[PDB]
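Protein chains in written order, with the deposited numbering: chain f, 3 to 138; chain e, 3 to 138; chain c, 3 to 138.
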Amino acid sequence: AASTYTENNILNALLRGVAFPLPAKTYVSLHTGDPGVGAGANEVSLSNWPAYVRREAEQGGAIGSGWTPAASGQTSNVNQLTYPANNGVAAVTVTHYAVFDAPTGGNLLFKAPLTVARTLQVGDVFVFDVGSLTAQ
Amino acid sequence: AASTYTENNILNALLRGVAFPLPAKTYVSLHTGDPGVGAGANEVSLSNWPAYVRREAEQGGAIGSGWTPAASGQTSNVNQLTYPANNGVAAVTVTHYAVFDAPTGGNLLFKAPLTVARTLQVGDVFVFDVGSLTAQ
Amino acid sequence: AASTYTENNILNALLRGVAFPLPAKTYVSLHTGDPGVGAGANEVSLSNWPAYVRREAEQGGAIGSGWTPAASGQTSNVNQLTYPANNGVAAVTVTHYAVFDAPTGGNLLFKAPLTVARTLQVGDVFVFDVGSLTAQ
Numbered sequence: 003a004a005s006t007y008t009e010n011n012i013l014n015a016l017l018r019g020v021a022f023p024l025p026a027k028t029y030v031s032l033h034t035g036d037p038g039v040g041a042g043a044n045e046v047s048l049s050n051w052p053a054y055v056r057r058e059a060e061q062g063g064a065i066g067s068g069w070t071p072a073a074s075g076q077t078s079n080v081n082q083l084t085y086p087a088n089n090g091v092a093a094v095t096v097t098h099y100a101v102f103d104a105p106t107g108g109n110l111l112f113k114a115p116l117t118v119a120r121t122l123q124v125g126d127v128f129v130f131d132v133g134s135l136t137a138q
Numbered sequence: 003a004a005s006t007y008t009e010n011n012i013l014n015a016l017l018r019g020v021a022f023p024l025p026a027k028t029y030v031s032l033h034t035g036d037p038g039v040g041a042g043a044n045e046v047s048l049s050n051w052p053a054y055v056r057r058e059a060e061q062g063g064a065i066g067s068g069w070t071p072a073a074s075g076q077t078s079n080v081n082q083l084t085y086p087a088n089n090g091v092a093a094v095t096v097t098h099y100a101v102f103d104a105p106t107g108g109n110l111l112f113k114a115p116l117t118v119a120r121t122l123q124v125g126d127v128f129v130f131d132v133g134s135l136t137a138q
Numbered sequence: 003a004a005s006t007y008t009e010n011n012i013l014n015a016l017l018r019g020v021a022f023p024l025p026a027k028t029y030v031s032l033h034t035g036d037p038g039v040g041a042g043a044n045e046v047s048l049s050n051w052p053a054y055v056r057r058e059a060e061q062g063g064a065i066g067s068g069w070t071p072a073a074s075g076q077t078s079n080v081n082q083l084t085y086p087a088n089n090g091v092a093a094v095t096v097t098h099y100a101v102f103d104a105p106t107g108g109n110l111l112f113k114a115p116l117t118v119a120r121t122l123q124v125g126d127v128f129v130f131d132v133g134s135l136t137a138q
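Laid out in structure tokens, this is it:
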């Protein structure tokens, strides 16, 4: 379960010999609806959540500090994430999370399901704990 | 079906930002049993097959010719792969093929099973038709 | 448990006959350690809690809506107070609150301990429930 862009890049780097793109920074993105798998998702939460900033992993670190070194797979979100609290109006529900390279657009790396789809009330922070966002 | 080393590469390149190692050329191989998942396989067929030159893909092209560019996944061996004739002694059975960066050792990109378990008799070429060896 | 400024002014209004400046707006704040009781506090929680807006009582009411009129004392935070979420860094501990006139400093009316000390992790809103902040 990864986007075609990243999977195509993986195939190209492994076999074609073409250079593999490097994400300058990694942002975690929340989508109320399950992302398509394509460039972008369906869909980001906007017009419901006025505060929807991309809380980047490794806030302090330039690169390479967001995720633990690979050891036969597996990592963890070393820097915990705190999204801004809901500003108001309607309650928001979150179902899937995805990774972005750029604040808007800039391709999509991962698309994964949360064990329990968490919803945000009129006010809630929705913090990510260290040890989540494990991948293979 | 992906080795630890290749999966470590892809995962770290996607998330951490470590540079992705690039295979200058790709070599295809056979093993009587499945490769471990680690570096090397269990085991490379030799002393049963006197001539076991790992027939590299894209024999003529330097790079980027062996496989089609990735499009929504999937790849195809553009150049046909024909192995040297089976010399003698006993019959050899092959079930798993592996893509190698080096002729001997040197990382292990792919480790995949063959759809049909084939044995090589006294005189055999074991040619790979164009359209097999698909990876994703 | 009233600051020197407020106590001097109240005593002056009660005996001398000098006019008592009316608080144009009322602000509620937090401090890790007890404020001195003098000018300023020791200390305001900053550089560990990036978002530290002084949430104004009676956000909608222009003036006089934050607290019920005194009936042989007693006060109540009629308009519930919800602080901005903790943005980052690490845990911040809040134990003593203070009422303020200006967005930052600008004289100090009250200083009183909480009934129980509260400890805030990386993500917390730290709301004030309606009916708290009682003052004699």
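Just so it is clear, CB atoms sit at the ideal spot from N, CA and C, and this is done for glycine as well.
Taking 8 Å as the threshold, the shortest C-beta distance from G90 (chain f) to chain c does not fall below it. Closer than 8 Å to the CB of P86 (chain f) there is at least one CB belonging to chain c. By the neighbour-count criterion, in which 16 or more other beta carbons inside 10 Å mark a residue as buried, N89 (chain e) falls on the exposed side. Uninterrupted beta strand (DSSP E) stretches at least 3 residues long and entirely within the region 84-118 of chain f occur at 98-102 and 110-115, given in chain order. Assignment of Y7 (chain c) by DSSP, reduced to helix, strand and coil, places it in the helix class. Judged by DSSP in its simplified three-state form, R18 (chain f) adopts helix. Taking a C-beta distance under 8 Å as the contact criterion, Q82 (chain f) and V124 (chain c) qualify as a contact pair. Looking only at e:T6, e:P52, e:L24 and e:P105, the smallest Cα-Cα distance to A93 (chain e) is reached by e:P52. Residue range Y29 to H33 is occupied by the beta strand (DSSP E) that includes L32 (chain c).
Listed along chain f, the residues sitting closer than 7 Å to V127 (chain c) by beta-carbon distance are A87, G125 and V127. Just measuring C-alpha positions, the residue of f:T28, f:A3 and f:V55 sitting nearest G62 (chain f) is f:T28. Listed by position along chain e, the residues whose Cβ is nearer than 7 Å to that of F22 (chain f) are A15 and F22. Taken through DSSP and simplified to helix, strand or coil, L135 (chain c) comes out as coil. Here the C-alpha atom of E45 (chain f) lies approximately 32 Å from the C-alpha atom of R18 (chain f). A direct Cα-to-Cα measurement between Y99 (chain c) and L48 (chain c) gives close to 14 Å. Taking a C-beta distance under 8 Å as the contact criterion, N11 (chain f) and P23 (chain f) qualify as a contact pair. Under the Cβ distance rule, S74 (chain e) counts among the residues neighbouring chain f, one pair being separated by less than 8 Å. Contact between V30 (chain e) and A72 (chain e) fails: their C-beta atoms lie close to 18 Å from each other, not under 8 Å. Contact annotation: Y7 (chain c) and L116 (chain c) have beta-carbon atoms that are not nearer than 8 Å. Residues of chain f with a Cβ closer than 7 Å to the Cβ of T8 (chain e) are, in chain order, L16. In the displayed model, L24 (chain c) falls within coil according to three-state DSSP, outside both helix and strand. Taking 8 Å as the CB threshold, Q82 (chain e) stays off the interface with chain f. Not one beta carbon of chain f lies nearer than 8 Å to the beta carbon of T136 (chain e).
Leaving aside the five residues that flank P37 (chain e) on each side, the residues in its chain whose CB is nearer than 7 Å to its CB run, in chain order, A43, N44, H98, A100, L110 and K113. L122 (chain f) carries a strand assignment under DSSP once its states are collapsed to helix, strand and coil.
Neighbourhood of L111 (chain e) in chain f, by CB distance below 7 Å: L16, in chain order. Chain e places no beta carbon closer than 8 Å to that of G133 (chain f), leaving this residue out of the contacts. No Cβ of chain f is located within less than 8 Å of the beta carbon of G38 (chain e). Of the other Cβ atoms in all chains shown, 16 or more fall within 10 Å of the Cβ of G68 (chain f); this residue is therefore buried.
For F130 (chain c), the pairing in a beta bridge is given by DSSP as c:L83. Taking CB atoms only, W51 (chain f) has no neighbour in chain e less than 8 Å away. Within 10 angstroms of the beta-carbon of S5 (chain c) lie 16 or more other beta-carbons, which makes it buried. Taking all protein chains in view, the Cβ of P105 (chain f) is surrounded by fewer than 16 other Cβ atoms within 10 Å, so the residue is classified as exposed. For the pair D103 (chain c) and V127 (chain c), the Cα-to-Cα distance works out to about 22 Å.
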